[PDB]
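Q: how does the following fold in three dimensions:
(chains A, B, C, D, E, F, G, H, I, J and K, ligands or ions: 12)
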Amino acid sequence: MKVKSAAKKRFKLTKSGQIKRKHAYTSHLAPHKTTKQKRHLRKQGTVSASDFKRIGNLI
Amino acid sequence: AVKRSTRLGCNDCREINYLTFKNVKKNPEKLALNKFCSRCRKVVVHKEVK
RNA sequence: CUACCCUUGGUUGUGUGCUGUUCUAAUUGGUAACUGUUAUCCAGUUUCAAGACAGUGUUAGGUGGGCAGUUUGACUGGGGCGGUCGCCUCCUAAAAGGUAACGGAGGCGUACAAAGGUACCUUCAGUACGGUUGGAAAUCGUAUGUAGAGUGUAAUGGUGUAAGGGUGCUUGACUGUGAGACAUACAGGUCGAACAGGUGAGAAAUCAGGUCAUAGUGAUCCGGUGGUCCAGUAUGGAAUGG
RNA sequence: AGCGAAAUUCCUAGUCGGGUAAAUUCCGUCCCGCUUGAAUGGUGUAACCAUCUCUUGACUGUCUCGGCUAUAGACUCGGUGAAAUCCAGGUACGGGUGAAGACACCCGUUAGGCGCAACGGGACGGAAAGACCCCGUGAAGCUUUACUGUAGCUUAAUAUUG
RNA sequence: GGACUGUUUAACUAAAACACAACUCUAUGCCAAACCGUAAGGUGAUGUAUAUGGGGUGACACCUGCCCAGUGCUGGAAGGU
RNA sequence: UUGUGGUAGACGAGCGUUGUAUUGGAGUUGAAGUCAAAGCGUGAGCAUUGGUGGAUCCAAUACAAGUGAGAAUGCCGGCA
RNA sequence: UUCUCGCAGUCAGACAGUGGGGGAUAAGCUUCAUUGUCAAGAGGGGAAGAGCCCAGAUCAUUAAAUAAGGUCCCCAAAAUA
RNA sequence: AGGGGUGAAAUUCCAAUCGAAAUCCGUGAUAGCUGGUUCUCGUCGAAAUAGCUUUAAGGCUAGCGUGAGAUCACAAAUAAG
RNA sequence: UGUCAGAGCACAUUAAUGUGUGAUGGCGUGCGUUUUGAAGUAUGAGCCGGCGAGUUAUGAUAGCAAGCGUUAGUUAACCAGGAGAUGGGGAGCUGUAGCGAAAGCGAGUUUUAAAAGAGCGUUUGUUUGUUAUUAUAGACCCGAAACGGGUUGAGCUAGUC
RNA sequence: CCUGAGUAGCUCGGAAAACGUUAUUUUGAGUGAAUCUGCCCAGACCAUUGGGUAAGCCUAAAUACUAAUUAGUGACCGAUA
RNA sequence: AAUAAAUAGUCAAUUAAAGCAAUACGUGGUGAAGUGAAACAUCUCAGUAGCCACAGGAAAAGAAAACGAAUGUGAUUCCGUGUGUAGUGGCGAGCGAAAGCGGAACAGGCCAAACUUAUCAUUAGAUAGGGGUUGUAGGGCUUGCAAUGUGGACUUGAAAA
Ligand SMILES: [Mg+2]
Ligand SMILES: [Mg+2]
Ligand SMILES: [Mg+2]
Ligand SMILES: [Mg+2]
Ligand SMILES: [Mg+2]
Ligand SMILES: [Mg+2]
Ligand SMILES: [Mg+2]
Ligand SMILES: [Mg+2]
Ligand SMILES: [Mg+2]
Ligand SMILES: [Mg+2]
Ligand SMILES: [Mg+2]
Ligand SMILES: [Zn+2]
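A: Residues are numbered from 1 along each chain as shown, chains lettered A, B, ... in the order given. Ligands and ions are numbered 1, 2, ... in the order given. Below is the structure in question.
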């Protein structure tokens, strides 16, 4: 069972589950968003427990 | 869309810190404010950058 | 008078290629003759015509359904043509919130260095009487009126000493963050006390992380631009990445 | 120009004349030809046509309108002996109900058991995983100024080469 | 309607379709052009513009008008890309 | 004491088959298979007797699977 | 019925009562909010009816009292005023 | 001789088959689409909705079922105020 | 087209409130499939018998059981062996310290001027057996029209010679 | 003095290599060196350090496969297999 | 033979193969599509099938212009692991090593060229010998010492098991 290549490059896995991820909406359009939105999205975050099943077996 | 935004940069260290919006068609003047600069750690004059 | 640098012309001289000739040995031949040979292929010799062109190999432009592989949306009171495809406000929506239809009305793909932030001052439009140019209607003073005014714009909600109009000073249309909630399948969106740095207004308290609120926008990949208390396929750099 | 309700004309069964007792077809004729038309040819044309279309003489069972006869079957006897179909069946009719049109259900009605020759109303009879329609991120064939490429054809540099 | 005689969808269409005689246009100067083949080779042709391939009409008679802006075709000689 | 309808569907406990292993054991005084019978079980299923038949087979505990048929316009054979 | 973990299934719904839209206060029509039932659910009433009313089947009994509905015969059950 | 041939042209004919033959092989092609899927008893028991979808006969997540485990009081229900 | 009652008739058993038939009353629109819903005027099966459809290899996670255990656990290939269990074989695998994009730091660490704040961490193992689900292989079974490659055919028919 | 010349490179188009063209390796077209103080290499590249000497040939063993000969095995089939 | 000589050609003699199959394995040339991507062209299926040439008992490969980060390994091949890693990919589907490490087996030899010999109308730039085979660089050229021996990738006989 090969690890999905386009996944292992987006979901670093921490101790005790809790898949880690970066936030979207940070690559393209600066002005359309606000400063509050931009500095809230810089900080990385965990994956919702709904997708945890879809991703754990995807790694 | 319309690309009406613009960017302000500090003059002492020349970083490109800030982002704002300006309508060229009315006030052709180049903006020169003075705001907080993280590198310089103080309020420095920022002027517009292309 | 001895030198270095520009505009324009002639010269012996090379160096390139550009068109243009002549010549032939490369090369070509479905010109002829000869031999292998009793052979319309073929090989060899000579002649004849061409002649460094053509044909041929690579490389590169152009025309090219002759040929090949393929796409050519969905909703849809059957399908087609028509219309629509995201976001915002009201009604439908049954007095919490939500709630469909090719149901009823309408808007956005922003605008403002002031229409932001702060201190201070001030508060309708309209109508009536009164007054040169001046008129239904400009402005002037007076009263009257309880919002029919204003609120950048769609509709709704809210707001008459306000969130509306004028002025002085500025740029908080900050940096780094974020306890706790809302609404949410995910992604995302929204609100925000409080803390540190350094500011603006103000006597001070206080206020300020854009506007009265609700739309005003689009993931990922790829590549580029600016900064860098990151790495640099042995080492020092660099390229290339972060 | 010609020709024109045409193999072309929608309104259009145009109008008018002839044929006809009577004529959406037919012949001729006028032209608002919705949109005829000159080598995707136009207009005429003798002969020819298993072509089309209309009128007509003779002609006849095509028909008013149906009859008769003879054979081969059919039918009966002897012999050999298939098929498609088929959930089990001892398989009525009316009104109603019902997945919306009933042998079975409900409420009435009718009917001794079983064949044989017939006929076709029904059993949405049988034969065909509906040809039409729609759907599938289905196929193939064909087209093109749909996309991307390409065999070919043509042009230039370079080698063959002075 | 088509000129005719003919051919055609074996096994639902024989026709007003296809052919055809004739007409015009175009290409082609001989190792012809077009064509099959990767090339050799071959047809065209043991032919030579009174010949051969292609497109379009379709006996015979009379006619074949207007437009070269667009597409296509041919030529152009300085320029632009 | 409270309960016990049930498709899709989750969970539990089980019957049967074929063979291997060790343990017991039946068989020409007639084994399996096959029909018949007026049995026993909550079910999958299991005995008893007799006719036929003419040599292998039954139970207990584990183990392993070509393991369980009414439908596929199913395939093959037979028969209406 | 809150939280975590394994395992699915489902995304063609229908009708009756109620409040409205489209529709023509038409449809066993269509689209919603709500209460039930059916689906996935038998018995009795309804003459016959998936969706109404009553009800919610462990199995046997040739036992008793009832719910909706109903008592001349079919069809079990009633008389008086 | 078949991404060919032949065609007085009809999509004709190419061994009772031709909008591109016949049989073999890749090959058990793929099919969100029909049909089928075989023994028993017990316990519990749904949905037919929302969001997105070149999606609308399908798919993912939430919602609703089940199993294992915790929370056992302030959590969830049912009545009055 | 049977069932619950029930007469008459004829027999007599895996000894049982018995067996076979069943005039007559009450009651009663099959089975799978797919469907909102089918007795179905929707479809499949003429009948019987046999054959016939969720397995396998290699890995992932979860549940259950077992061995072994706190500097733990555990072998693969290979070699010897009754085409054996097993013995050797520690090379590797997981766990034992995380965080960070990374150099690095270390029970702390990234972001940050910040040693505040927040994110993440400040121990609960491993190898097998068995079962459920899942991945790559046709992966429950049957079912195309088709796509490509190699060959065989002009003895019918079309054309030419 | 010798130590493998149209050679290694460089350029244009392509590919093998895990790599969709990139160090290394190969090449259809073109050009084209040096000679131990040398040549190549250590993911573009240069210097330092270090490694190896192409452009010539040959090579058993472990490895893959069994239609075949012999002996034998099977929790493989037992005439729809 | 055209052409005088010579070559082409023709005639004769001797030695090799041409083919088959083990539907299998090997190398080499050429090389799809179905399918997956939920469509599709880059890509995958796949250098798979097929066609073809060539052997062989095994073949191919092979003794470093190497690995690659070090006081390092020291031909090739094959198995496990590294690891589903570093990377590569319309960064989608997917693809997937080289080191290092544990192992089975283990062998490395020989020409060209310098120089020298003999002979070719020696115009040799050719024919047959000697000599020499490479990296902590070697060999040749001038000069000495020590050598008689292991060793096989190997010829003929004899004997034995
Ligand atoms: Mg304001
Ligand atoms: Mg404003
Ligand atoms: Mg605003
Ligand atoms: Mg370095
Ligand atoms: Mg008879
Ligand atoms: Mg029928
Ligand atoms: Mg014609
Ligand atoms: Mg004509
Ligand atoms: Mg069944
Ligand atoms: Mg039918
Ligand atoms: Mg390097
Ligand atoms: Zn600065």
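Q: what about the residue of chain B most remote from its centre, distance to residue A:56?
A: Most distant from the centre of chain B: residue B:1, at 21.7 Å, with distances by C-alpha atoms, centre = their mean. Taking C-beta to C-beta, to the nearest Å as the criterion, residue B:1 is separated from residue A:56 by 40 Å. No exception for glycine: its C-beta is placed from N, CA and C like everyone else's.
Q: okay, now residue 32: neighbour count?
A: Since no chain was named, I'll use chain A. Residue A:32 is flanked by 10 other residues according to other C-beta atoms under 10 Å in any protein chain shown.
Q: please go with chain B instead
A: Applying the criterion other C-beta under 10 Å, we find 11 residues in the vicinity of residue B:32.
Q: with residue A:54 instead?
A: Neighbouring residues of residue A:54 were enumerated by other C-beta under 10 Å; the total is 9.
Q: list the buried residues for the helix or strand containing it?
A: In the assignment (DSSP states H and E), residue A:54 maps to helix A:49-56. Counting neighbours by 16 or more other C-beta atoms under 10 Å in any protein chain shown, one finds that the buried residues in helix A:49-56 are residue A:55.
Q: now check it, is it near RNA strand H?
A: Yes: residues of helix A:49-56 contacting RNA strand H under C-beta under 7 Å from any atom of the strand: A:50, A:51, A:53, A:54.
Q: just to revisit the earlier point, so the residue farthest from the centre of chain B versus residue B:31, what's the distance?
A: For residue B:1 relative to residue B:31 (C-beta to C-beta), the value is 22 Å.
Q: pull the residues that contact the helix or strand hosting residue A:39.
A: Element membership for residue A:39, per DSSP H and E: helix A:35-42. For helix A:35-42, the external contacting residues (C-beta atoms under 8 Å, 6 or more residues apart in numbering or on different chains) are A:23, A:24, A:25, A:26, A:30, A:33.
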